[PDB]
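# A look at the structure
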Amino acid sequence: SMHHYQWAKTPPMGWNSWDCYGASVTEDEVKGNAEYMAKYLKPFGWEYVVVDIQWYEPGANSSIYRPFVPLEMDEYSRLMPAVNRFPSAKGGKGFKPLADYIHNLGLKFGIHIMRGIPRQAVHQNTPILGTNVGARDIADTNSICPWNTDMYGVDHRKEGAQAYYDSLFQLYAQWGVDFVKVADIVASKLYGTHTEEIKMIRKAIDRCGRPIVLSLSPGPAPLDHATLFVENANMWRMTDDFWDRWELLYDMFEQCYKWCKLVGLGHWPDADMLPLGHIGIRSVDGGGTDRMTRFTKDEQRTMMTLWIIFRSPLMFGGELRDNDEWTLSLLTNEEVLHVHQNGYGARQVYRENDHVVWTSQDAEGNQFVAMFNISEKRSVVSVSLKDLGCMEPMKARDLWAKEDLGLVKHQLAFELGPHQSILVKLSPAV
Amino acid sequence: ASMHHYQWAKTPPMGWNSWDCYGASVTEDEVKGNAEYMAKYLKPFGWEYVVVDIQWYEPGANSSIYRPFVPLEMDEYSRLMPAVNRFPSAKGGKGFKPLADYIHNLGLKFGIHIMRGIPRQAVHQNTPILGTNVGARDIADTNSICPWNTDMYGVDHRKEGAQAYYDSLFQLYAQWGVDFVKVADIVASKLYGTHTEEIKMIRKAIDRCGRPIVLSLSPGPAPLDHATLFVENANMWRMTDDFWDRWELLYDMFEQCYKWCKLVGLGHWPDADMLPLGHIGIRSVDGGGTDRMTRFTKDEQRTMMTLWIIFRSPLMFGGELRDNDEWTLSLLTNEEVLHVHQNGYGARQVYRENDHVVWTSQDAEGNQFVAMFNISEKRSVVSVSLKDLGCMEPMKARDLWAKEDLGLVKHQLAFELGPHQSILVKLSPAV
Amino acid sequence: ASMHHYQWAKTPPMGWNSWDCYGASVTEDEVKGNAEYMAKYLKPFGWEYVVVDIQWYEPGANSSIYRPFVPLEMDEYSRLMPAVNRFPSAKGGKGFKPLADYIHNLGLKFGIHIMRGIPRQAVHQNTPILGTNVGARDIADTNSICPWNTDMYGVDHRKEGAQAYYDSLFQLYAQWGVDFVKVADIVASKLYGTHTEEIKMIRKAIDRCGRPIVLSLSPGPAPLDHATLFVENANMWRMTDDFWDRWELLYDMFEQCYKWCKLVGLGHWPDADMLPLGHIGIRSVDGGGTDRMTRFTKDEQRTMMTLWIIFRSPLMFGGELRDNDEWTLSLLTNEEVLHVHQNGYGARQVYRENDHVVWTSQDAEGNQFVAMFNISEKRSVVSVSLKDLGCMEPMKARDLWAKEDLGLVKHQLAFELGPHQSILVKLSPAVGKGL
Amino acid sequence: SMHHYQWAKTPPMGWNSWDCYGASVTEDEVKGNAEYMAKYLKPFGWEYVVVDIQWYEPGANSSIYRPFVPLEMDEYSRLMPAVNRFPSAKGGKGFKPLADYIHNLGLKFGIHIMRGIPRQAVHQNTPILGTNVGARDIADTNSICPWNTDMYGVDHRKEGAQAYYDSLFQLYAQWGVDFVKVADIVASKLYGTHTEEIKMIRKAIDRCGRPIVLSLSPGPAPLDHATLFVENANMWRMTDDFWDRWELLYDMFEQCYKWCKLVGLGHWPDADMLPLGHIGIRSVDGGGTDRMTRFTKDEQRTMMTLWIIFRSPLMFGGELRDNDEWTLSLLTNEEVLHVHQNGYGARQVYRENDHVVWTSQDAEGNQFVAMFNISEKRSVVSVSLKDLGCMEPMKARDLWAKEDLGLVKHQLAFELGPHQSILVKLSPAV
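Residues numbered from 1 in each chain as written, not as in the entry; some residues may be left out. Chains lettered and ligands numbered in written order. Heavy atoms only, no water.

Across its full length, chain B carries 11 helices and 20 strands. Expected size for 431 residues packed as a compact globule is a radius of gyration near 22 Å; at 22 Å, chain B falls within 12% of this value. The C-alpha extent of chain B, read off along each of the three principal axes, is 75 × 40 × 35 Å. Evaluated residue by residue, chain B yields a buried proportion of 64% over its 431 residues. Across chain B, every contact between residues at least 6 apart in sequence was considered, and the portion connecting residues at least 24 apart equals 72%. Carbon and sulfur atoms form 48% of the exposed surface of chain B, whose accessible area is close to 15200 Å². (Helix = DSSP H or I, 4+ residues; strand = E, 2+ residues; numbered from the N terminus. Rg over C-alpha atoms; globule rule 2.2 N^0.38 Å. Buried < 20%, exposed > 50% of the residue type's maximum accessible area, 1.4 Å probe, protein only. Contact = heavy atoms within 4.5 Å. Areas by Shrake-Rupley, 256 points an atom, 1.4 Å probe, with all protein chains shown as cover.)

So, in structure tokens, the structure goes:
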């Protein structure tokens, strides 16, 4: 139905600067992560290089924002990259040089934006491109983000509002942006879901003439607005910010269950960025500091396995260049990725005593089974072939291990440690 | 197609239900008369379920207003049974089997309403449960009632004997030949919200009983938060609180359809509720009316049918069918319209603006259906471009309700529509 | 009476407030005119506060509707100041001192409105705070605004310099001679609820400034959950969102009085809000009206006065006083009625039934006051037994508004009252008294 | 203003069977506790002997109710004492013999009731005394207690409703009841505050011709209904059920602060029963079993001190006959009790860093000060005489220790362990 679905036929895969560098990533760091992606990851589907929040804030240095500070901005109330952090933006060029480079590696470029219009634009009453009204005239008088002070909300009822959003995406399209992550737009302690601005953004993107994938954050996204999100966004966060803490991983199983019927081509409920590898370099969120992920290997696999079978977007959050061989291996298994790229129909077969089984399939008849022990005790996790919809014996294969497992006659069953999972492919026997 | 029970409702269930016309109080003769009418005039068009609504076990029921704290007919295993004064064929412990046999012999299916839980009287007396030696009292929830009816207490799934009781109900219903159950006090509750555990117990009881029994959940509003649960466990679930012949409720349905449109699919049908058409309120007092013909105008009646058709709501006629006039019958028996319900898919809201709304769906044959609605208080032209419908070339247009070719359309559809008026159009490729 | 500031409002504050008549936009001349009228006609009856309501620091204000994100008049220490166009005497950095002096010289007191917090323009520029080296930006709350006015941000009590800022405000206001402050966006908020920490900072600032400044909190509805806080920190606090000349709001006030009646006492007055009497809406567009004489009927005006009087609400007249007619003035100058407000205590709802309500209070001389109200839509007799009032013997009765003896009452008070009509009666002993 | 205030001029003091015997106390146990009270406690103000919930449930055996069971009841839908548990009730005499016994010890008798009318009376449609209506005709069809199944609410709009409540208090007056604790009346997860039944009960009591003190439970009582409670009840629970757990004692400090201005002659916000001594004998609530209170001595003193100065009612919840000398000493200190009986004006002077100070005074100009360390660390807690409103030097006395402390010029200050407090009387010097 919606033409923008075609811009994310499979769930976006990429890297994002938040979990490693907070609000404070530099051009060099972005370039380095992109080169690593081009060399090691691109053949496996990884393509978006996403510069997260506050690229326009020259003093940023953490995940903790510096409030009420001046921001880099043009003459039409549009935020611009901080030239100290992004030297190629010198001379009003913005992100075009960086995006060109990223494109020339065969990759795509993404940026984060905050909903609304900068508070400094409203206070100075700076202009809006393509109209005579000023920033001050389109601002909402009672709309802010509770966790960031950079913007005021824009009031769609005002003349000039749509013109401002159109102008942002004209700029982003000039730069060659392929992906935008909009924040303060879905969940808000204060206001709930900013529906009208979602619609203005959809329209601005559609008018800008370039394919720009739309990601919405933070969650929890309400199910009440499922139609709105399905029709307007290519991805939307199911959850508040995800981090390397078991509790949050445990909690994702329920959210996936809740959203599984809205997952489809072009429209991807989002389990959030993968806190893997080296994170917290200039971030202080998630209760950690400079570290390798606190997920155990079993946990890392369990996460990847859930996000894969569910078909969450996959946005690696660590500094890629500090990957070890284990971490890289999680990203380069073609057999596992097939489940994410070509699987469909994922569903929870059952959840009982903190054992969970999910299943999906491909069009070639392969069935994929993810089996999870999310309890604190080692146990056998099993599922009958009948509950999977398989009426005869099947062959099984362990996709992470790339190992044939042999014939299965009545049930799949595996000993799994606490927090441990397995991902299996079933195919006809003999 | 994960769930086997989806095959029991491959298209949205179509039938009649006794609530809007007879409240809690329908009799056997009334049910049979409505079934005979269905068999004769409606069955070849898809209409097949004959559904006895709430309180068939309350011999004194006489209205849509319940008589609270009264005794109920019940067998020796805490299971509610039909009131024999209202359903004489149930004499001698036969329950609904004779009435269901009669209905089946007309080529129709038989449905009943149940209230969630176990009868209060069974819990106080501590009567037995079939297949276990715990009593009714031991499976009841100590803090779960229905705020608008006093017959039951909720059943606590953590108690031994709970599943056994629900299994035993569906054993009984399968013995009778029930093909459809509408469960009430299960989805929305002022007091408790959604009774998820009992939904699951019911799903299991039905799956164990050995007979196809379609599952309908009521009342709404169903929360989207539980979309997965409903989609996987029920064949239909009410999007709204009880729907009646009042414009305000019909107006409100537009939004609910928008909110639930992505969960509509084979076997799992969000439910816009029964159709308050024809003669209603005979022994019902709800909806702010009494004995009457529907207060919906013909325009409103067509707008309702048009939304429910394109969206693919189940269709449960609520009036006393034998009193249908030609107009009312015509709303049920337009083959071209019903093709949209039976063979359309992908219904979506194209836009809603200034109380004008357009919906569209399609079939596999290259037709596109467009429902255009003026839901404002003023007469106005409602339009939609072919481009917004996804049609790249000119199309032939036809008015489905009027069965009238409208000719070639090159750029847009546009019609003058009165307030609360609509039109349903098929677009097909030009010659 | 354990808090010293109770002594600053031993009886409920009485005065005039520029909001209902001029919105945010009152001028120096208008303030002076109202003060002069108060001095001449009202002062001997207890009316003394002359209160300049919101946005005296906004030079372009012209309505009850605020002009958002506009520059505000401010000094070099992030403190808002009077707009010199609207208040010419404030020229040369003098602020309100001249205007306050003039009011004081009439034998009156001076009040102003403030918005909770620190001006957004101070925070964005990071202007200084008097008495510290931290800037305005460093004391702001990052997630605290007012949902209906854009002038400020909230101040975060946990930050060094927060208290110093509020201290500096009340040093300024004390210099000017302010005797009363109404703080807004402090009690009820759609977004944040009650700003308790700032209430406490404001209490402390006032206590440190060395001058008696009566503290009024607004808007309501004030939650009972914070009763102790309000009782111990404020002299008055609004029970209700903004009150206007609409019967529905007057009807509603009966319940709020009932809910707050036990917290009424010397120095701490639940507030039923300003009296929309006389000429209002001159440069205000709120309450669903424009330039008008109050839409309250005479009966309704009396009913309002009678409830606020017996309950002991503060009395803040909201009309332009100089356009008072005789009738309106008469509502304010009845000493017998005012005695109930000044010297009554123990007010309570005797009953409320079928939209008939009776309240009673008493004085220390054993007089008993009874206010009887028909708040229904039909004319009816409203009555109450002497027994229900706790009177054990027959009493003499007097109609306090009419100043008319009603004679002896043996068993009950009863009066035929039109819809929205009320009566206020004094009962005094007959036994042991001459004839 | 309200005549019933004269029935509780000081906060009621007594014993209640709940914390020790749950719903299941017997006649002998009540009599034993009463005899103890008469012998050891009565001269110090302790007088009420209160039979708590479900005296009408013959099978009761715990604090956990047996749900949906038949209940002992007369022909007029009125619950009656279970004769197995209360043998003197044999022959329809109800609690009159027991109350007479208690009265003959110079004590007062109290019972607990649940709001409403018994479900069994509604289902059988038993009569209401004095009318031609039945129980079924006065019941609310959507009003239950979420934590007990014995009753349905009564609908005040129905003919007979008042007549039912009048009949209950006629019965209770016949027995000689002096105090009724009504439960399921103030806070309800499901319905909030049952204001209409509070008013019917007030009226029923006023019509019965006997002084019956009215206690409402459980809390938390909403301040929003302060007036209603102040004018209709003699006591009302500030909190959900209180037990011997520090966390709940800590929490009470705030509730006292919130309610302190509504405390006054005849109308006492209620901090709930004192879990002292031997409790949990046939109760399983509070996360304990058969035990001596888990409160440390300091905590016990801290509890007593706050309840005393605030002027909460004092209802001892242990089995009195198993008291040791320590526990008894908490109940028989006249100097401390004077603060409860004759103090007034209690207020929180401050609360800072988990140190709290309260003060009140008497009419002779004595000033009482309760100083609490409610933190986890030993520390000095202090308060200036100026903050107390004391203008000159004062003599100080430790009321619990009965020890003169000497002259105090500027401040009171004491080293206090965590959870420890002290109670001091200040009086004029020389």
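Don't stop here, the text continues.
Let us now look at the domain arrangement of chain A. All names here are of chain A. Domain annotation of chain A identifies domain 1 (1–344) and domain 2 (345–430). Of note, the centres of domain 1 and domain 2, computed from C-alpha atoms alone, are 33 Å apart. Every contact between the two is made by 27 residues of domain 1 and, on the other side, 27 residues of domain 2. Counting each side, the surface lost to burial between domain 1 and domain 2 is near 2600 Å², with a carbon and sulfur contribution of 61%. Three residues, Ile309, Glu335 and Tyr344, lead the burial of domain 1 against domain 2; their summed loss comes to 27% of the area buried on that side. (Domains from an automatic or database assignment. Buried area = accessible area lost by both parts, 1.4 Å probe.)

As a further point, take the packing of helix 2 (residues 27–41) of chain A against helix 3 (residues 96–104) of chain A. Residue and element names in this part refer to chain A. Two elements in contact, helix 2 and helix 3, have axes separated by 10 Å at closest approach and are oriented at 15°. Between helix 2 and helix 3, the angle falls in the class roughly parallel. Helix 3 is crossed by helix 2, and the crossing has right-handed handedness. Residues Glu27, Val30, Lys31, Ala34 and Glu35 of helix 2 pack against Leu98, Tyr101 and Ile102 of helix 3. Of the residues that constitute the contact of helix 2 with helix 3, the class distribution is 5 nonpolar, no polar and 3 charged. (Axes fitted to C-alpha atoms, helices over the stretch in contact; angles between N-to-C directions. Parallel < 35°, antiparallel > 145°, perpendicular 65-115°, else oblique. Left-handed = near helix turned anticlockwise from the far one by under 90°. Nonpolar A, V, L, I, M, F, W, Y, C, P; charged D, E, K, R; others polar.)

You'll often see interface size given as the accessible area lost when the parts meet. Listed as interface residues are 17 residues of chain C and, on the opposing side, 18 residues of chain A. Summing the contributions of chain C and of chain A, the shared interface buries around 1500 Å²; its carbon and sulfur component is 63%. Counting every contact that joins chain C to chain A gives 0 salt bridges. Here chain C and chain A share 5 residue pairs in polar contact between them. Tallying contributions element by element places helix 4 (residues 120–125) of chain C first for the side of chain C that touches chain A, with 3 residues. Each residue belonging to the side of chain C that touches chain A can be placed in one class, and the counts come to 9 nonpolar, 4 polar and 4 charged. (Salt bridge = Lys/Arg side-chain N within 4 Å of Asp/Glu carboxyl O. Polar contact = N/O pair within 3.5 Å; in protein donor to acceptor, adjacent residues only side chain to side chain.)

What follows deals with the packing of helix 9 (residues 298–311) of chain B against helix 11 (residues 335–343) of chain B. Residues and elements named next belong to chain B. It is at 7 Å that the axes of helix 9 and helix 11 come closest, and there the two elements cross at 40°. Taken as axis vectors, helix 9 and helix 11 run oblique relative to one another. Together, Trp308, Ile309 and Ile310 of helix 9 and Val337, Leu338, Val340 and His341 of helix 11 make up the contact between the two elements. Of the residues contributing to the contact of helix 9 with helix 11, the split by class is 6 nonpolar, 1 polar and no charged.

Attention now goes to the pattern of salt bridges. Residue and element names in this part refer to chain B. Overall, the coordinates contain 99 salt bridges over all chains when judged by the stated rule. For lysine 200, the salt bridge identified is with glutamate 197, shortest N-O distance 3.5 Å. One end of the pair is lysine 200 and the other is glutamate 197, both in helix 6 (residues 196–209) and 3 residues apart, which spans about a single turn. The exposure class assigned to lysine 200 is partly exposed, which follows from its relative accessible area of 39%.

Facing the 16 residues of chain C at the interface are 16 residues of chain D. Here chain C and chain D share an interface that buries about 1500 Å² over both sides, 49% of which is from carbon and sulfur atoms. Three residues stand out in chain C for area buried against chain D, namely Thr228, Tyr258 and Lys262 of chain C, and they jointly supply 35% of the buried area on that side. On the surface where chain C and chain D come into contact, there are 4 salt bridges. One salt bridge in this structure joins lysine 258 of chain D and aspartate 225 of chain C, with 3.1 Å as the shortest N-O distance.

Let us look at the packing of aromatic side chains. All chains considered together, the criterion is met by 88 aromatic pairs over all chains. Geometrically, the ring pair formed by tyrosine 152 of chain A and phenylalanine 69 of chain C is tilted, given 4.9 Å between the ring centres and 35° between the ring planes. Within this pair, whereas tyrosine 152 of chain A is found in strand 5 (residues 151–152), its partner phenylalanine 69 of chain C is found in the loop between strand 2 (49–52) and helix 3 (97–105), the two belonging to separate chains. Each member of the pair, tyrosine 152 of chain A as well as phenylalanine 69 of chain C, is classed as buried. For the pair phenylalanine 253 of chain A and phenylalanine 372 of chain A, a centre-to-centre distance of 4.8 Å together with 80° between the ring planes defines the contact as edge-to-face. Taken together, the residues span a long stretch of sequence, with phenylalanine 253 of chain A in helix 8 (residues 246–259) and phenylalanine 372 of chain A in strand 15 (residues 367–373) at a distance of 119 residues. The two residues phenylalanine 253 of chain A and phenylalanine 372 of chain A agree in class, both being buried. Members of the aromatic cluster, joined through ring pairs, are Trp55, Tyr56, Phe86, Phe95, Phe109, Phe169, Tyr172 and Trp175 of chain A. Against the face of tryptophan 326 of chain D rests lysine 297 of chain D, its NZ or CZ located 4.7 Å from the ring centre. (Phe/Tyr/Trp six-rings, centres within 6.5 Å; stacked < 30°, edge-to-face > 60°. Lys NZ or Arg CZ within 6 Å of the ring centre and 35° of its normal.)

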